Every structure is written in structure tokens, then in C-alpha cells.
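Using the working numbering, the letters of the sequence shown correspond one by one to residues 1045 to 1206.
Cβ atoms here follow ideal geometry from the backbone N, Cα and C, with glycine treated the same way.
First the structure, in the form of C-alpha cells, and then the observations on it.
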Amino acid sequence: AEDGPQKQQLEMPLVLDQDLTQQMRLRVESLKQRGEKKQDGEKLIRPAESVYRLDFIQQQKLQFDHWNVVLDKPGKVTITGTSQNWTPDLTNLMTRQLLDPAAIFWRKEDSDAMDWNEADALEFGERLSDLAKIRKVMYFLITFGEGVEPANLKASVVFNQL
Ligand SMILES: C[As](C)(=O)[O-]
Ligand SMILES: [Zn+2]
Ligand SMILES: [Zn+2]
Ligand SMILES: [Zn+2]
Ligand SMILES: [Zn+2]
Ligand SMILES: [Zn+2]
Ligand SMILES: [Zn+2]
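So, in C-alpha cells, the structure goes:
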């Protein structure tokens, strides 16, 4: 097999999850207004982070091909996946539930080309095929650097269908 254009591929977008993001925002706020301490080991959402969602329209016979992360303005974004054991409806995200490594993408000033941490972005992507088997939905925390917001970002993952 030689890698080529005629391969069945599926592109699955990472969609902003407003209500989960809002739920997490509220959580940090409540903790302040009440002067309460966060849970032992909890991950509190920083204002620059937003929760994204990826719905595996197919879970079996998937092979990670590449990331399709694009910024329409110079900037930087970090995409950190979360454990497939974290069910947002049930618990507050734990720091240990953040997957290592994260995929970091950036666009420098006068160039239009994106660049990223190739080795880690690949390692992370390879994991998605197995994570899809655990459940149809997966959550991510996308950290936006200075100058960029969710509106500037278009992220998706491309899998070759086996
Ligand atoms: C925490 As929700 C209501 O985005 O499944
Ligand atoms: Zn070859
Ligand atoms: Zn939601
Ligand atoms: Zn839910
Ligand atoms: Zn590079
Ligand atoms: Zn590099
Ligand atoms: Zn690394």
C-alpha cells in the first residue's frame, strides 16, 4: 500500500461546546463567590481555555491521517484531549484526566502556513482511533493564545477509513 489521494477518509470537526464551557466557567466563579476551595486535584478552566467536542460518527476501523487545524489570524492554540472516562455530566474535570501530549499549532506573522509540534501532534492523533472505541464523544480543552479566539479557529481530524 502506498499512501495516496484515493482513500476513503472521514473529517470530524472539533465543535465548541458552549454549555460545558459555561458550566466550567460558572464553577470557578461559584468557588470564588463562596470563597470555597476547588476539589482536591480538580482542573479549573482558565478563561483562555474552551471545551470542544468531537463526535465519532464512526468508531471502528479508523486510522488517524492528519490534523486540520487552521487559524485565520497569526496566533497559537493548544489542543489538549481529556480521558474518555471523564463524563462531563457527572464530574468536575481532574488535572490527571488531561492527556499528554497536547497538539500545539501556530501561525506566524507574514506567513500563511501553519506549523505545529509534529512529533507530539502525531503521537496524540494516533491515540484517537482507540479513544473512539471507548465512546462516541470526546472532549478537549483548547487554549487560545493572545490575539486568537474560537472564531479564528477551524479544527477537525481526518481519519482514513479501514
Ligand atoms: C455537560 As453537557 C449538558 O454539554 O452534556
Ligand atoms: Zn512508499
Ligand atoms: Zn454541551
Ligand atoms: Zn451531557
Ligand atoms: Zn514544525
Ligand atoms: Zn517541529
Ligand atoms: Zn513532547
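Residue from the options whose Cα sits closest to the Cα of residue i
{"i": "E1093", "options": "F1184, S1155 and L1115", "result": "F1184"}
{"i": "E1055", "options": "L1137, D1156 and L1098", "result": "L1098"}
{"i": "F1100", "options": "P1057, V1113 and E1080", "result": "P1057"}
{"i": "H1110", "options": "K1081, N1196 and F1168", "result": "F1168"}
{"i": "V1059", "options": "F1203, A1199, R1069 and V1114", "result": "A1199"}
{"i": "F1188", "options": "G1079, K1051 and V1095", "result": "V1095"}
{"i": "residue 1207", "options": "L1197, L1206 and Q1205", "result": "This structure leaves residue 1207 out entirely; the chain is present only between 1045 and 1206."}
{"i": "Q1067", "options": "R1090, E1046, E1080 and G1079", "result": "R1090"}
{"i": "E1153", "options": "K1087, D1116 and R1078", "result": "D1116"}
{"i": "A1165", "options": "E1190, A1146 and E1086", "result": "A1146"}
{"i": "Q1205", "options": "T1124, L1134, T1122 and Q1053", "result": "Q1053"}
{"i": "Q1083", "options": "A1045, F1149, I1148 and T1135", "result": "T1135"}
{"i": "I1148", "options": "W1160, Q1103 and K1180", "result": "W1160"}
{"i": "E1190", "options": "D1047, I1178, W1150 and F1108", "result": "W1150"}
{"i": "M1158", "options": "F1108, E1080 and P1118", "result": "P1118"}
{"i": "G1085", "options": "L1106, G1048 and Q1141", "result": "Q1141"}
Residue span of the beta strand (DSSP E) that contains residue i, given as start and end
{"i": "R1151", "result": "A1147 to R1151"}
{"i": "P1057", "result": "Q1053 to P1057"}
{"i": "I1186", "result": "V1181 to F1188"}
{"i": "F1203", "result": "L1197 to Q1205"}
{"i": "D1099", "result": "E1093 to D1099"}
{"i": "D1109", "result": "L1106 to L1115"}
Residue range of the unbroken alpha helix (DSSP H) whose run includes residue i
{"i": "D1063", "result": "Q1062 to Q1077"}
Rounded distance between the beta-carbons of residue j and residue i, thought under 8 Å
{"i": "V1192", "j": "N1112", "result": "Incorrect: roughly 17 Å between the Cβ atoms, too far for contact."}
{"i": "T1131", "j": "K1087", "result": "So it is not a contact: roughly 15 Å between Cβ atoms."}
{"i": "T1122", "j": "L1143", "result": "About 12 Å; that fails the 8 Å criterion."}
Beta carbon proximity, residue i to chain C, threshold 8 Å
{"i": "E1055", "result": "Within the model displayed, chain C is absent; a lone protein chain is all it includes."}
Inset, instruction - May I have a chain-ordered list of the beta strand (DSSP E) segments no shorter than 3 residues that lie completely inside the segment 1117-1161? - result: 1119-1125, 1147-1151 and 1158-1160
Legend entry - Sequence-ordered residues whose beta carbon comes within less than 7 Å of a heavy atom of ligand 4: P1132 and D1133
Legend entry - Sequence-ordered residues whose beta carbon comes within less than 5 Å of a heavy atom of ligand 7: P1145 and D1164
Legend entry - Any heavy atom of ligand 3 nearer than 6 Å to the CB - residues listed: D1061, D1063 and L1064
Inset, instruction - Anything with a beta carbon under 7 Å from a heavy atom of ligand 2 counts; list them all in chain order. - result: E1046 and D1047
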